[PDB]
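In what follows, a single structure is set out as structure tokens and then discussed.
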Amino acid sequence: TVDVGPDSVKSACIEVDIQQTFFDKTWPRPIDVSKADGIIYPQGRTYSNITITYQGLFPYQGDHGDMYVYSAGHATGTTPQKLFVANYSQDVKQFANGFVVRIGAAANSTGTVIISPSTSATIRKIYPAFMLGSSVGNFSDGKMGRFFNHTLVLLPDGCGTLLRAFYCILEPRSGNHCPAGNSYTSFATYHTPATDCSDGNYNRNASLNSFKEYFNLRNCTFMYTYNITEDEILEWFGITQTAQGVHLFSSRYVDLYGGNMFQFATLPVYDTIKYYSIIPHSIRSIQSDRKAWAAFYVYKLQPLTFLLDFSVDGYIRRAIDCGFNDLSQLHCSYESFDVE
Amino acid sequence: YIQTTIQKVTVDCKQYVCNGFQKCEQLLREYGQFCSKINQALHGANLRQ
Amino acid sequence: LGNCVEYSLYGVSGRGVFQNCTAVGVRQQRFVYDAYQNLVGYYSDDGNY
């Protein structure tokens, strides 16, 4: 067991307003394998200026994945009222191979806020939060989405400057608007950009404290932290699991203007992850000061065979999914990008 | 009688070896480019014919 | 450089001749292979390819 800090001093955790209708939209960003989208680089080696077939864990060509949006909270003038979240916490999915996430795709563009449909704004990259586990059941009122004995958790903090991963067994707290308490809707994290998002010092525990208000981290295990440099560039994040633990991938430390994902961490999680879920996150900003947070897309991974093209610098700039259609099968059979 | 051709035959290597069963497909997938060589040889023979 | 030597680099062992050349591939994956799984490059700790 490892020390993570003090528990929450507040008893009444904040209220969250679930309205799935505001978040139910369409923004198609299918996997385009012709520009090597969501490709995890072969994690033993590298090549130069060739084209080869390779068996690994890739997503389906043309897959649409699942979209998720994060929204600001309710605020009257200069006072955030409550949190605006979707029902993601109730939506438990299967892990079964891992997945990849496309973060910041719709950046440097003009979109709209979620809680204010008639409000144009420039979109800002935001980072997702995941909670993965080995056993899932119901909450206090039979609400789906409770995670048992050990739950790996990945959550960004400090206005998207760092990422933290930990076991930290979850213990639902009993109080107002809280999981184990009365009048429970959904747990969620939050950060107030008025105070926490200070240029001099970004509070690196704001989201951790928000999470602490709903759960009591007990018998906690490894609590790492990885530093992220701010920008508005599209990036990729992958996660798989083997006998060596849980592998974490990203394209920030090696390929930043590309997207090829390289391993950057390994976790001592040796229990078989069978379920995962997104963690909702609302921004307690001022009603007159709200931004648009780019949606992120999650695509599953499968044991497929791909035709990858490595360039001179060793990066995969294009690939072909051998099992997509008949032309793809022809391309892979000759293992070339030009078929007579 | 002077023969000039033979019958042109192509086989579907994947379906001949496994005939639809998904379990056999994964087992054959790690055999790599055998079926591809068979298909390319047959295609070349038919083109020459 | 120029002599046939035995090598053991980070658990990859064999026998060959090393030489100085312009870097290819990606640096973080020090071992550079070719199409047929033969090591053809190495990113040394000294900062050379």
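Note on naming: chains are A, B, ... as they come in the structure tokens, residues start from 1 per chain, ligands start from 1 in the order shown.
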
Practice item. Return the neighbours of chain C among the residues of chain A, cut-off 7 Å, counting only C-alpha atoms, as an MDAnalysis selection string. Key: chainID A and resid 44:48 52 312:314

Please produce an output containing N, CA and C atoms for each residue in the selection, written as a short mmCIF file (atom, residue, chain, number, x, y, z; two decimals), in the first residue's frame.
```
data_model
loop_
_atom_site.label_atom_id
_atom_site.label_comp_id
_atom_site.auth_asym_id
_atom_site.auth_seq_id
_atom_site.Cartn_x
_atom_site.Cartn_y
_atom_site.Cartn_z
N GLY A 44 9.60 -3.74 -31.22
CA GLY A 44 10.89 -4.35 -30.97
C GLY A 44 12.02 -3.77 -31.80
N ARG A 45 11.66 -3.04 -32.86
CA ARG A 45 12.61 -2.78 -33.93
C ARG A 45 12.20 -1.59 -34.79
N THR A 46 12.87 -1.42 -35.92
CA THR A 46 12.52 -0.39 -36.88
C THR A 46 13.05 -0.79 -38.25
N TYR A 47 12.49 -0.17 -39.28
CA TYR A 47 12.82 -0.47 -40.66
C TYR A 47 13.08 0.83 -41.41
N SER A 48 13.53 0.72 -42.66
CA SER A 48 13.82 1.91 -43.46
C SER A 48 13.53 1.62 -44.92
N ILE A 52 6.24 -4.15 -45.89
CA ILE A 52 6.17 -5.52 -45.41
C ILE A 52 4.82 -5.77 -44.75
N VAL A 312 12.18 6.26 -45.36
CA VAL A 312 13.60 6.30 -45.03
C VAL A 312 13.82 6.63 -43.56
N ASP A 313 13.06 7.59 -43.03
CA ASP A 313 13.20 7.95 -41.63
C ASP A 313 12.58 6.93 -40.68
N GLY A 314 11.94 5.89 -41.22
CA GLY A 314 11.45 4.80 -40.41
C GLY A 314 10.03 4.91 -39.92
#
```

Review point. If you count only C-alpha atoms, which residues fall within 10 Å of residue A:28, apart from same-chain ones fewer than 3 positions away, as number ranges by chain?
Key: A: 25, 31, 63-67, 297

Residues of chain A within 10 Å of chain B: nearest atom pair and distance (Å, one decimal) for each, counting only C-alpha atoms, sorted by chain and number, as JSON lines?
```
{"residue": "A:53", "atom": "CA", "partner": "B:32", "partner_atom": "CA", "distance": 9.2}
{"residue": "A:54", "atom": "CA", "partner": "B:32", "partner_atom": "CA", "distance": 10.0}
{"residue": "A:55", "atom": "CA", "partner": "B:30", "partner_atom": "CA", "distance": 8.8}
{"residue": "A:303", "atom": "CA", "partner": "B:26", "partner_atom": "CA", "distance": 9.6}
{"residue": "A:304", "atom": "CA", "partner": "B:29", "partner_atom": "CA", "distance": 9.5}
{"residue": "A:305", "atom": "CA", "partner": "B:29", "partner_atom": "CA", "distance": 8.5}
{"residue": "A:329", "atom": "CA", "partner": "B:36", "partner_atom": "CA", "distance": 9.8}
{"residue": "A:330", "atom": "CA", "partner": "B:36", "partner_atom": "CA", "distance": 9.2}
{"residue": "A:332", "atom": "CA", "partner": "B:36", "partner_atom": "CA", "distance": 8.9}
{"residue": "A:333", "atom": "CA", "partner": "B:36", "partner_atom": "CA", "distance": 5.4}
{"residue": "A:334", "atom": "CA", "partner": "B:36", "partner_atom": "CA", "distance": 7.5}
{"residue": "A:335", "atom": "CA", "partner": "B:33", "partner_atom": "CA", "distance": 9.6}
```

Point to revise | Interatomic distance, atom CA of residue A:216 to atom CA of residue A:96 (Å, one decimal) | key: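 Rounded to one decimal, the two atoms are 27.9 Å apart.
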
Exercise for review: Please report, as a list in words, each residue of stretch 138-317 of chain A to which DSSP assigns alpha helix (DSSP H) when run on this structure's backbone.
Suggested key: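 Answer for stretch 138-317 of chain A, restricted to alpha helix (DSSP H): residues 206, 207, 208, 209, 210, 211, 212, 213 and 214 of chain A.
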
Expected file contents, prior selection, C-alpha atoms, as a short mmCIF file (atom, residue, chain, number, x, y, z; two decimals), in the first residue's frame:
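File produced: selection.cif:
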```cif
data_model
loop_
_atom_site.label_atom_id
_atom_site.label_comp_id
_atom_site.auth_asym_id
_atom_site.auth_seq_id
_atom_site.Cartn_x
_atom_site.Cartn_y
_atom_site.Cartn_z
CA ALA A 206 -7.42 19.44 -8.73
CA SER A 207 -8.84 16.52 -10.70
CA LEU A 208 -7.42 14.06 -8.17
CA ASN A 209 -9.21 15.94 -5.39
CA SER A 210 -12.41 15.99 -7.46
CA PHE A 211 -12.16 12.21 -7.84
CA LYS A 212 -11.42 11.93 -4.11
CA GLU A 213 -14.74 13.57 -3.21
CA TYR A 214 -16.62 10.51 -4.54
#
```

Review point. Which residues come within 7 Å of stretch 18-20 of chain C, counting only C-alpha atoms, excluding same-chain residues fewer than 4 positions away, as number ranges by chain?
Key: C: 1-2, 49

**Study point:** Nearby residues (only C-alpha atoms) at most 6 Å from stretch 9-13 of chain A, same-chain spacing under 6 positions excluded, as a ChimeraX atom specification
**Key:** /A:175-178,213

Check your understanding: Which residues, written as an MDAnalysis selection string, have at least one atom at most 7 Å from residue A:310, with only C-alpha atoms counted and residues fewer than 6 positions away on the same chain left out?
Key -> chainID A and resid 47:51 316:317

Name all residues at most 6 Å from residue A:220 (count only C-alpha atoms; drop same-chain ones fewer than 5 positions away) and give them as a PDB file with N, CA and C atoms, in the first residue's frame.
```pdb
ATOM      1  N   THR A   1       0.836  -1.193   0.000  1.00  0.00           N
ATOM      2  CA  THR A   1       0.000   0.000   0.000  1.00  0.00           C
ATOM      3  C   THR A   1       0.877   1.252   0.000  1.00  0.00           C
ATOM      4  N   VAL A   2       0.494   2.242  -0.807  1.00  0.00           N
ATOM      5  CA  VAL A   2       1.296   3.436  -1.032  1.00  0.00           C
ATOM      6  C   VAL A   2       0.473   4.661  -0.654  1.00  0.00           C
ATOM      7  N   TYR A 167      -3.727   1.999  -9.162  1.00  0.00           N
ATOM      8  CA  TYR A 167      -4.746   1.045  -8.733  1.00  0.00           C
ATOM      9  C   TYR A 167      -5.738   1.684  -7.770  1.00  0.00           C
ATOM     10  N   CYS A 168      -5.280   2.019  -6.561  1.00  0.00           N
ATOM     11  CA  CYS A 168      -6.031   2.861  -5.635  1.00  0.00           C
ATOM     12  C   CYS A 168      -7.484   2.426  -5.467  1.00  0.00           C
ATOM     13  N   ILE A 169      -7.716   1.262  -4.850  1.00  0.00           N
ATOM     14  CA  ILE A 169      -9.041   0.648  -4.741  1.00  0.00           C
ATOM     15  C   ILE A 169     -10.103   1.687  -4.407  1.00  0.00           C
TER      16      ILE A 169
END
```

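Of note, atom CA of residue A:235 and atom CA of residue A:258 are spaced 8.4 Å apart.
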
Review point. In Å, with one decimal, what is the gap from atom CA of residue A:311 to atom CA of residue A:255?
Key: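 Separating atom CA of residue A:311 from atom CA of residue A:255 is a distance of 13.6 Å.
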
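Contact shell of residue B:17 at 10 Å (only C-alpha atoms; same-chain neighbours under 5 positions omitted): residues 12, 24, 25, 28 and 35 of chain B.
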
Pull N, CA, C and O atoms from the residues just selected and write them as a JSON list (two decimals), in the first residue's frame.
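To be explicit, this is the file written out as selection.json:
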```
[["chain", "number", "residue", "atom", "x", "y", "z"],
["B", 12, "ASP", "N", -9.31, -21.43, -54.85],
["B", 12, "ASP", "CA", -9.43, -20.50, -53.73],
["B", 12, "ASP", "C", -8.73, -21.17, -52.55],
["B", 12, "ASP", "O", -9.35, -21.94, -51.81],
["B", 24, "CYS", "N", -9.94, -22.45, -38.33],
["B", 24, "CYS", "CA", -8.87, -22.82, -39.24],
["B", 24, "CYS", "C", -8.22, -21.60, -39.88],
["B", 24, "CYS", "O", -7.04, -21.64, -40.23],
["B", 25, "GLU", "N", -8.98, -20.51, -40.06],
["B", 25, "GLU", "CA", -8.42, -19.31, -40.68],
["B", 25, "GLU", "C", -7.29, -18.74, -39.84],
["B", 25, "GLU", "O", -6.24, -18.35, -40.37],
["B", 28, "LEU", "N", -4.22, -21.00, -40.13],
["B", 28, "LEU", "CA", -3.56, -20.82, -41.41],
["B", 28, "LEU", "C", -2.91, -19.45, -41.55],
["B", 28, "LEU", "O", -1.93, -19.31, -42.30],
["B", 35, "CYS", "N", -0.52, -19.59, -49.62],
["B", 35, "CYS", "CA", -1.69, -19.45, -50.47],
["B", 35, "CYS", "C", -1.46, -18.37, -51.52],
["B", 35, "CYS", "O", -1.90, -18.51, -52.67]]
```

Exercise for review: Go through A:21, A:134, A:185, A:151 and flag the residue nearest residue A:90, using only C-alpha atoms for the distances.
Suggested key: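 Checking each of A:21, A:134, A:185, A:151 against residue A:90, counting only C-alpha atoms, the winner is A:185.
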